[PDB]
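Next come the chains, spelled out residue by residue.
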Amino acid sequence: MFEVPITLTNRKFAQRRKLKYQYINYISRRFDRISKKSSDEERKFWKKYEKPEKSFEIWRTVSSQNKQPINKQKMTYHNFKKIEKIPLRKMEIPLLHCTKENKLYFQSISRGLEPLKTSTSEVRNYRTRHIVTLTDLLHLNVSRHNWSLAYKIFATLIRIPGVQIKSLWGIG
DNA sequence: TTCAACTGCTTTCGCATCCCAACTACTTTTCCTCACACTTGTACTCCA
């Protein structure tokens, strides 16, 4: 349930985000050439946005000049399936080089259908399996205001290698 | 018959642009663990 302090990575997750952010670069360019009639591939993505670094989300005052008139002309299904088609053409040949469940992912996440499999569950590393165990027992006693026990879990969690700042300072 | 620059000399011992590095990333090195499609009979009756 609770967040874990692991620097966990797998090839199926390194691909499935890269399989996603490779695609998004093409469909972003395609949206602006139809707006013109009217290469890490993820390092290239975040150059469109400013990472907030103070808050989670870049919140912004509103009663100011950051306002806009509402755009009138809206989407339809006929324009959406023709603006995605040419990015869906070029994507299909790297879709057969990637693994089929990464390929099952991008087929599923492009029609809606967010993933229901959370990444810290199938990792099965036996050391992360205790790091997932301890942090769900760490928060559970802090939830239950049991402090001599949640001390003991927290003293044991910081000694297991690979744990982060996340557990460290927050519940001081 | 004079003005104005070129001129060597003050002491006496001893003191005294190129490289490197940081951290976080991404990647390669491979080795190990199984599945996915194909096929002949046999089984349960099928129509003669």
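Reading the values: rules and limits
- For every chain, the first residue of the written sequence is numbered 1 and the count continues from 1 onward along that sequence, whatever numbering the entry uses; residues with no coordinates are hidden.
- Ligands are numbered from 1 and chains lettered from A, in the order in which they are written.
- Reported values pertain to the displayed chains only, which are themselves part of a larger assembly.
- Hydrogens are left out, water is left out, and the side-chain values use all remaining heavy atoms of the structure.
- The helix count covers DSSP runs of H or I at least four residues long, the strand count covers runs of E at least two residues long, and both are numbered beginning at the N terminus.
- For the radius of gyration, the atoms used are the C-alpha atoms, and the globule rule reads 2.2 Å times the number of residues raised to 0.38.
- A simple rule labels every residue: compare its accessible area, found with a 1.4 Å probe on the protein chains alone, to the largest value its type can have, and call it buried under 20%, exposed over 50%, or partly exposed in between.
- Note that accessible areas follow from Shrake-Rupley with a 1.4 Å probe, and for residues the cover is restricted to the protein chains shown.
- Here, a salt bridge means any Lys or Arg side-chain nitrogen found within 4 Å of an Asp or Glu carboxyl oxygen.
- Every patch collects residues that have over 30% relative accessible area and no salt bridge, joining them within 9 Å if they carry like charges and within 5 Å if they are nonpolar side chains (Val, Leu, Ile, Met, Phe, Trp, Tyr).
- When charges are counted, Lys and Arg contribute as positive and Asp and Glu as negative, whereas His and the chain ends are disregarded.
- Note that the charge is assigned to NZ on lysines, CZ on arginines, CG on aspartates and CD on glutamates.
- To be clear, the arc concerns the directions from the helix axis to the C-beta atoms.
- For this analysis, residues touch if any pair of their heavy atoms sits within 4.5 Å.

Undergrad: Which residues make up the overall build of chain A, and what are the values?
TA: Helix and strand counts for chain A stand at seven helices and zero strands. Reading the secondary structure of chain A in the N-to-C direction produces α-α-α-α-α-α-α. Relative to its length of 172 residues, chain A is extended, with a C-alpha radius of gyration of 22 Å against a globular reference of 16 Å. Principal-axis analysis of the C-alpha atoms gives chain A an extent of 65 × 50 × 30 Å. A total of 172 residues make up chain A; the buried ones form 23% of that total. Taken as a whole, chain A presents about 14600 Å² of accessible surface, with 56% of it coming from carbon and sulfur.

Undergrad: Any chance you could break down the pattern of salt bridges for me, citing the residues and the numbers?
TA: Considering all chains together, one arrives at two salt bridges under this definition. Residues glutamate 3 and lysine 166 are paired through a salt bridge, measuring 2.7 Å at the closest nitrogen-oxygen approach. Assessed through its relative accessible area of 56%, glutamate 3 is described here as exposed. Between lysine 44 and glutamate 41 there is a salt bridge, and its shortest N-O distance comes to 2.8 Å. Residue classification places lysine 44 among the partly exposed positions, given a relative accessible area of 33%.

Undergrad: Account for unusual backbone geometry, with residues named and values stated.
TA: A positive phi angle is found at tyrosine 126, which is not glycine, with a value near 70°. Here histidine 145, not a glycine, exhibits a phi torsion of approximately 60°, which is positive. Assignment of secondary structure puts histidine 145 in the loop between helix 5 (128–143) and helix 6 (147–157).

Undergrad: Which residues make up a positive patch on the surface, and what values do they have?
TA: The grouping of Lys37, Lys81, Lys82, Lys85, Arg89 and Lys90 at the surface amounts to a positive patch. Within the residue set of the positive patch, elements represented by two or more residues are helix 2 (77–83) and helix 3 (85–91). At three residues, helix 3 tops the list of elements feeding residues into the positive patch. With respect to the helices and strands, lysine 90 occurs in helix 3.

Undergrad: Any chance you could break down helix 4 (residues 100–109) for me, citing the residues and the numbers?
TA: Among the residues of helix 4, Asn102, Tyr105, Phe106 and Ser108 are the ones counted as buried. For helix 4, the angular spread of the buried residues around the axis is 165°, confining them to a single face. Structural note: helix 4 exposes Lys100 and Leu104 on the side pointing more than 90 degrees away from its buried face. Buried residues in helix 4 make contact with helix 1 (11–37) and helix 3.

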